[PDB]
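One chain comes next, on its own, written out as structure tokens in the form solved without uracil (URA).
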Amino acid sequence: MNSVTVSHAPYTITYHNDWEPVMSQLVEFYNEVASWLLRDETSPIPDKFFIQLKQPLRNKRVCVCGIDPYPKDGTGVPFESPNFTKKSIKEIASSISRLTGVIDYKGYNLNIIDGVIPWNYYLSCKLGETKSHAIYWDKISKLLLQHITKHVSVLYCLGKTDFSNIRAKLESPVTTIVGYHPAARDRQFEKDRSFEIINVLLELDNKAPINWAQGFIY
């Protein structure tokens, strides 16, 4: 329910209390960097950069992480495609379809699953250009994900090349799976079994499995 003020837009970052220990450095890092990322039209729009910090962490046990938001139409919620038009979320839905048995669905959202926090490593990109805002988010991205890894039990990063070394230089002993990106060659995400692997790993850490079918929209 709290909010701190930055000096570049969105000027205000409203956050859940679970994010308090980090919010201080976020202001320092953001004010040093914002002017570069605000130069271009961004995905998402700046008023949506940080709306994911409204999500509690205490109840989360898995983090599903992609490298940066969609090249276009980023909503401020990682992976979200309201009208179910984006490939990655469509492919994620297909895997969960073949796992759970649900075939009749109109959409899928990772932001409505208990114990799961969808996350973008970088929080913005120049419109239509993936990873364009990497060097700008660099410090912030490390800062924020480290805080997430203090709460979650399993970190699931999508993209072998994307999360190549970043997961190792993250500096946490959190169980991590680096699976294929939904856009990978030779149907590698379709063969990918990470969602099944997550639930097995969670049982080892004495945590309840993720009900992946909860993301479905009818």
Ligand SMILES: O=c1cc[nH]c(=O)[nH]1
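We call the rigid core the largest set of C-alpha positions that still match within 1.5 Å between the two forms. We number the residues from 1 along the sequence you see. Residues that one form lacks are left out of the comparison.
If you look for the form solved in complex with uracil (URA), you will not find it shown, but the lines that follow are about it.
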query	finding
Residue contact check: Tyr136 to uracil (URA) in the bound PDB entry, 4.5 Å heavy atom	no
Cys63: touches uracil (URA) in the bound PDB entry, heavy atom cutoff 4.5 angstroms	no
Touches uracil (URA) in the bound PDB entry: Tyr30 (any heavy atom, 4.5 Å)	no
Non-hydrogen atom contact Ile67 with uracil (URA) in the bound PDB entry at 4.5 angstroms	yes
Answer option from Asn111, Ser94, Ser88, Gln146, heavy atom within 4.5 Å of uracil (URA) in the bound PDB entry	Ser88
Displaced position between this form and the one not shown, chosen from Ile166, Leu38, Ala184, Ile45 (C-alpha, 2 Å or more, rigid core)	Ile166
Core-superposed comparison between this form and the one not shown, runs of at least 3 residues with CA shifts of 2 Å or more	166 to 168
